[PDB]
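>>> in the first instance, please consider these chains from the complex; the rest will follow:
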Amino acid sequence: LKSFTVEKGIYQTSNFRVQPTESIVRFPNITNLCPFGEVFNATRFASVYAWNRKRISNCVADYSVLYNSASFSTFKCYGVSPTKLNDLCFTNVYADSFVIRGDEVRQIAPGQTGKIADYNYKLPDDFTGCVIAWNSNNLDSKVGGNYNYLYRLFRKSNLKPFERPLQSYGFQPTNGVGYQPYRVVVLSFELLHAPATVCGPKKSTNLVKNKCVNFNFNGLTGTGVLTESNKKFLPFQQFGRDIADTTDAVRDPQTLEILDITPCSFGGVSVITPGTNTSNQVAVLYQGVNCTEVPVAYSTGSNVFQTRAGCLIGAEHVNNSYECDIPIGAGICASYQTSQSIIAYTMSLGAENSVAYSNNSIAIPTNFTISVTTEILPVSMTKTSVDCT
Amino acid sequence: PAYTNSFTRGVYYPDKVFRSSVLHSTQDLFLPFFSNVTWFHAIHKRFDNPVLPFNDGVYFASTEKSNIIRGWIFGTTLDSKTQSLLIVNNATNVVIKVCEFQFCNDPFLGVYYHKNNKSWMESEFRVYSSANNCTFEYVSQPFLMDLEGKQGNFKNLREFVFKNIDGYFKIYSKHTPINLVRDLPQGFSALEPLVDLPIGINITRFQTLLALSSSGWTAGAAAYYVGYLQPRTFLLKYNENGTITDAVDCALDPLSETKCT
Amino acid sequence: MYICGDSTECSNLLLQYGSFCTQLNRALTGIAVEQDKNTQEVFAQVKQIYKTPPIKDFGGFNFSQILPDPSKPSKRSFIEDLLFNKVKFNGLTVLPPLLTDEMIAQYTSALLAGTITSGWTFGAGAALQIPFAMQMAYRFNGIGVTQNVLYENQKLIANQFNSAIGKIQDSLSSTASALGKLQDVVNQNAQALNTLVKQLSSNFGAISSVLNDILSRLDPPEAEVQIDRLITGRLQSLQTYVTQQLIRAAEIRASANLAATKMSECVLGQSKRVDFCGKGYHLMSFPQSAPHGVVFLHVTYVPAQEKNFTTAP
């Protein structure tokens, strides 16, 4: 009120709402996984000039094993990060397998010197694709030596990017530092070329009920209280909408059950007080709020009187009847009376009376009183003019 | 062909939302009411099997038996330059496989099995030449809709509606029983989303596949209609269970327009 | 809550405009108080609540169709029950009325009993009893007809009145278009609320209508630009709704004042104003309670069969 003194009455104040307890996430637990095991357990890689390209789809491109695996030592992502890879989706990933010199790790960097780079396989200067390099010397090394991967492709004429020497003595487990073969996995992804269909797995949490919580089903976010429902969705239907076009029922991806959504309770708060003259005691009203739940958590309380208007605290309920003093609602009024305290009761409409009506009786007055009464009516309000400019 | 008019066919669930006793209004591609639709003669002397344009959908329906119509062909060039969809089927399950299959200029099976002399004969099976190039494949859940023997009577209406947008090729369909062997009796029935494909290819022309040699041939009793879809506004009446029951086109006549308003 | 449901950034941005929410709340509170004032003014016009005597010996008239029936658990009359039968999830609350339907019914019953037992005296002072035949004679004398007419056609008049109430009850039970005004009021309020809720799905020129989606999609400059656009749109919608409510409230207040005047001038007495309390020569009236409104039953006297005569001044 921006004042140091408040007149008798009932006044509005801040709003009241229930905060969510925690967050819950549910997703359709994965059963389709890409055959990464067989992908990286290949007995022998193909020719360098015939590097494979396997488009990956209809299968989750899980990367946790990569993080979990301790075999990998070098793992750099120059375009993304593993932390945000959880909520980042790639349209499609191509698994490209080839055999390259161990010392060419330095020259594989995009936009790096060395004509060997574009002589064997040119990389675009903006190739931010992550490169995985885990030692596989014994796995991809033979006792005699891999002479198949000849590197005599030293043609003078340069080969344009997608226009349409023999320094390898043998890949053996005894190879020295920088010469041992290393398995290379190419993370190639594109944008705005096809709908996203390959993503990392998303974890799930146990379902809860009867708690104002934050939920996220298949990208549908909100806040509410989850509960079992008898609605019978169709086999191909997922959500439920009301006439106002607001979500009111969802189907859990994992367990095919229909759960209702109800907003967390909230309502306004008001303060009832007599004039600051008489006292400073007050009583608060919670508009349209359940009463026997808030006190579960005026710390003493000891005065809770449920009413159709909502929970009421600080006033004692007396079952007499008087005229309305500070209206509350639904035929309830509060007033200050003595042992001074605030009381709440049911308003009285007036004193009972019963006319002694008959069929041969009439009453006639004997004399009179002249009465004078007033009446106040507004007539006009102060003029006012304003200069717009 | 005979230009029969569809009375109330060609309505499908536009989304995956549940609504009960609500008269939702939607704006999507649809088959207008009372629009004449071609009635081809699905014969093999006389050979009717042309390539038809694919313009934002096709209301396909038939009353065949034992899977006379084996599959469909979609594409934009159909010359191995662009990947084309193939939905050939037989025996166990569906064998969807999309590749740049070598298309013959006359790639039709056309076999009389159990037609006149009650015998299963396949004079030639050269429908396949070679899979020179392939880039994608996806076999859906192994299944086969009721496309089995029905000589007893044409008590079936295999209604289909196709559509392709945003790289997604969707297919809706169901089994609608019929009682009168005469032309399509008037009735109402909604289409469910049967399968969705994230193929992400381009289709501008499509061709159907028919298996209904010339010895003692007479024009066979088989036909399939092919309508087209236009963008229109519809009003859909949901029941208690969430299944649509009726609909009124809002661009047909003044009383329908007032109903929509 | 309505504009920026669960968004600290949105709340911070709205702080720029500021006092708009306070202005809107003040206006709506004013309207809410005015409603209770209207109901109180219209109905509460009796200092004491009278009650009808046990015996209904009203000179042959029959008010059983309008007086309360204690047998029913709800203490409402037949006509009131007929009328009653005939007629929170997004930060919008509905406050209950101050006076409950039981209190309204008690007030109406008090008024009716006081009328039928004491004429109009209770409207000016203490209630005074008077037989109903005497009261009818006084009313007739009021409209310019001698008393012997009533004292000789009492039985016929009673039969006509009873038949009239029978017919009115049957007409109300059968027809359904009599309560157009109240039905229209309810429909208009519901439609306004529905449109206000539906306004939340519009882009208003923003990329999307989901605040969390915008926040998680775009970065912090276009993000706040879109948020500002949405805030502007929703604020405009709220202002329009509030203005509509204000105008409708003014109209309803005018109607309530008219109803209060009708009650005071027809029920508590007899009026010489033409066509104010019903067509014809007014005799008396009876009130009834209906949801969000009131109903009257004007009783009037109408000549029927005429003749020819020759006159001299």
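That came through, no problem. Numbering: from 1, shown residues only, chains lettered A, B, ... in the order given.

>>> from here on, contacts and neighbour counts on C-alpha atoms
Fine.

>>> which stretches in the stretch 51-200 of chain A count as strands?
A:54-56, A:74-76, A:93-95, A:131-135, A:182-186 (DSSP state E, counting those that start in this stretch).

>>> and those: which comes nearest chain B?
strand A:54-56 (8.5 Å; CA to the nearest CA).

>>> what is that closest one packed up against?
strand A:93-95 (3 or more CA pairs under 8 Å, 6 or more residues apart in numbering or on different chains; DSSP states H and E).

>>> how about the strand it packs on: buried residues?
A:93-95 (16 or more other CA atoms under 10 Å in any protein chain shown).

>>> of all the strands of the stretch 51-200 of chain A, which one is nearest residue B:109?
strand A:54-56 (33.0 Å; CA to CA).

>>> so who does residue C:239 touch?
The contact partners of residue C:239, taken as CA atoms under 8 Å, 6 or more residues apart in numbering or on different chains, are residue C:24.

>>> what about it, which helix or strand?
Residue C:239 is part of helix C:222-262 when elements are defined by DSSP states H and E.

>>> could you give the separation of that helix from the chain centroid?
22 Å (CA atoms, centre = their mean, to the nearest Å).

>>> same for the helix or strand following that helix, what does it pack against?
Where DSSP H and E defines the elements, the next helix or strand beyond helix C:222-262 is strand C:281-284. Applying 3+ CA pairs under 8 Å, 6+ apart, we find strand C:281-284 packed against helix C:132-143, strand C:299-301.

>>> try it again at 7 Å.
strand C:299-301 (3 or more CA pairs under 7 Å, 6 or more residues apart in numbering or on different chains; DSSP states H and E).

>>> what's the strand it packs on in contact with?
For strand C:299-301, contacts defined as CA atoms under 7 Å, 6 or more residues apart in numbering or on different chains pick out C:279-285.

>>> buried ones in it?
residue C:299.

>>> list the pairing partners of that strand within its sheet, with orientation.
In the sheet, strand C:299-301 lines up against strand C:281-284 (antiparallel) (DSSP bridges).

>>> include chain D too:
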Amino acid sequence: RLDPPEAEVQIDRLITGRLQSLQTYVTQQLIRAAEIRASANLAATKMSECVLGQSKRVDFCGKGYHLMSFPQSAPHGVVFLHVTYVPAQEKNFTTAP
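To build on what is shown above, here is chain D added in:
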């Protein structure tokens, strides 16, 4: 602080806000004036029908039976003093038609 060109954006924002405030104020004033005019009409009618003559309407000019009234001025309004006659003390008898 700013140059000519950029300051236009800030000026536009301020203009928009202040214009909205003015429009809201004017609308509120219009509605309030309509209400006050209705009250003034009622007051004029009361004056004409009670002060300049006796009124037979019930509860219009005062409670009870009306006799006569007086006006009195006041800041931005008027005040009446209704005079009424009220029966007081009742005694019962027996009656016949």
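
>>> with chain D now part of the structure, what is the answer for what packs on strand C:281-284?
Against strand C:281-284 (3+ CA pairs under 7 Å, 6+ apart) you get strand C:299-301.

>>> what's the offset of the strand it packs on from the middle of its chain?
For strand C:299-301, the distance to the chain centre is 24 Å (CA atoms, centre = their mean).

>>> where do the helices sit along the stretch 101-250 of chain B?
Using DSSP state H, counting those that start in this stretch, the stretch 101-250 of chain B contains no helices.

>>> now swap in the stretch 1-150 of chain A and tell me
A:36-40, A:64-68, A:82-85, A:116-120.

>>> which one of the ones you listed lies nearest to chain C?
That would be helix A:82-85 among the helices of the stretch 1-150 of chain A, by CA to the nearest CA, at 12.5 Å.

>>> please see if that closest one touches chain C.
No: using CA under 7 Å from any CA of the partner chain, helix A:82-85 stays clear of chain C, with a minimum separation of 12.5 Å.

>>> and that helix, how far out from the chain's middle?
Centre-to-centre, helix A:82-85 and its host chain are 18 Å apart (CA atoms, centre = their mean).

>>> how about the residues of chain A by chain B?
A:194, A:232-233, A:236-241, A:243.

>>> quick one on the thing from earlier: quick one: closest of the helices of the stretch 1-150 of chain A to chain D.
So among the helices of the stretch 1-150 of chain A, helix A:82-85 is nearest, using CA to the nearest CA, at 37.0 Å.

>>> helices or strands next to that closest one in the packing?
Partner elements for helix A:82-85 (3+ CA pairs under 7 Å, 6+ apart): none found.

>>> residue of the stretch 151-300 of chain C nearest chain D, please.
residue C:265 (5.5 Å).

>>> pretty sure that residue sits against residue C:273.
No: judged on CA atoms under 7 Å, residue C:265 makes no contact with residue C:273 at a distance of 9.7 Å.

>>> looking at these two, which is more packed in?
Neighbour totals were compared for residue C:265 and residue C:273, and residue C:265 leads with 22 against 13 (other CA atoms under 10 Å in any protein chain shown).

>>> in contact with that one, which residues are there?
Shown in contact with residue C:265 (CA under 7 Å, 6+ apart): C:271, D:57-58.

>>> extra chain here, label it chain E:
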Amino acid sequence: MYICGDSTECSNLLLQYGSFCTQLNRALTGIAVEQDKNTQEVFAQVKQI
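This next block brings in chain E, placed alongside the chains you saw above:
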């Protein structure tokens, strides 16, 4: 028509503002009917010429 009559582009742009046009049309129609009701109730008081 008043806002940007005869422009499909602006029609599409205006589609994103909600039901303002519907509200305005409803209000104006209400006033238009009210006028006829006013005249009828003021004048037609005797149903016999």
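
>>> re-run the earlier check on the contacts of residue C:265 with chain E in the model.
C:271, D:57-58.

>>> same question, residue C:289
Contacts of residue C:289 by CA under 7 Å, 6+ apart are C:80, C:105, C:108, C:295.

>>> thinking the third one is in contact with residue C:288, fair?
Yep, that's residue C:108 we're talking about. Yes: using CA under 7 Å, residue C:108 is in contact with residue C:288, at 6.5 Å.

>>> and the residue of the stretch 51-200 of chain C found nearest chain A, how close does it get to residue B:3?
Closest contact between the stretch 51-200 of chain C and chain A, by CA to the nearest CA, is at residue C:98 (4.6 Å). Per CA to CA, to the nearest Å, residue C:98 is found 69 Å from residue B:3.

>>> between those two, which one's more packed in?
Neighbours were tallied for residue C:98 and for residue B:3 using other CA under 10 Å; the higher tally belongs to residue C:98 (21 against 12).

>>> for residue A:148, see how far away the more buried one is.
Distance from residue C:98 to residue A:148, by CA to CA: 95 Å.

>>> do the same with residue B:208
Distance from residue B:208 to residue A:148, by CA to CA: 49 Å.

>>> more neighbours, those two?
Remark: of residue B:208 and residue A:148, residue B:208 carries more neighbours, 17 against 11, as counted by other CA under 10 Å.

>>> and the closest residue to residue A:110 other than its chain neighbours, how many neighbours?
Of all residues beyond its chain neighbours, the one nearest residue A:110 is residue A:125 (4.6 Å), with distances taken as CA to CA, 6 or more residues apart in numbering or on different chains. For residue A:125, the count of nearby residues is 10 (other CA under 10 Å).

>>> in three-state terms, label residue A:334 for me.
strand (DSSP: H, G, I helix; E, B strand; the rest coil).

>>> which residues does residue B:115 contact?
Counting by CA under 7 Å, 6+ apart, there are no residues that residue B:115 touches.

>>> show me what the residue nearest in space to the middle of chain B bridges to in the sheet.
Most central in chain B under CA atoms, centre = their mean is residue B:60, positioned 3.3 Å from the mean C-alpha point. Beta-bridge pairing for residue B:60 (DSSP bridges): residue B:160, residue B:226.
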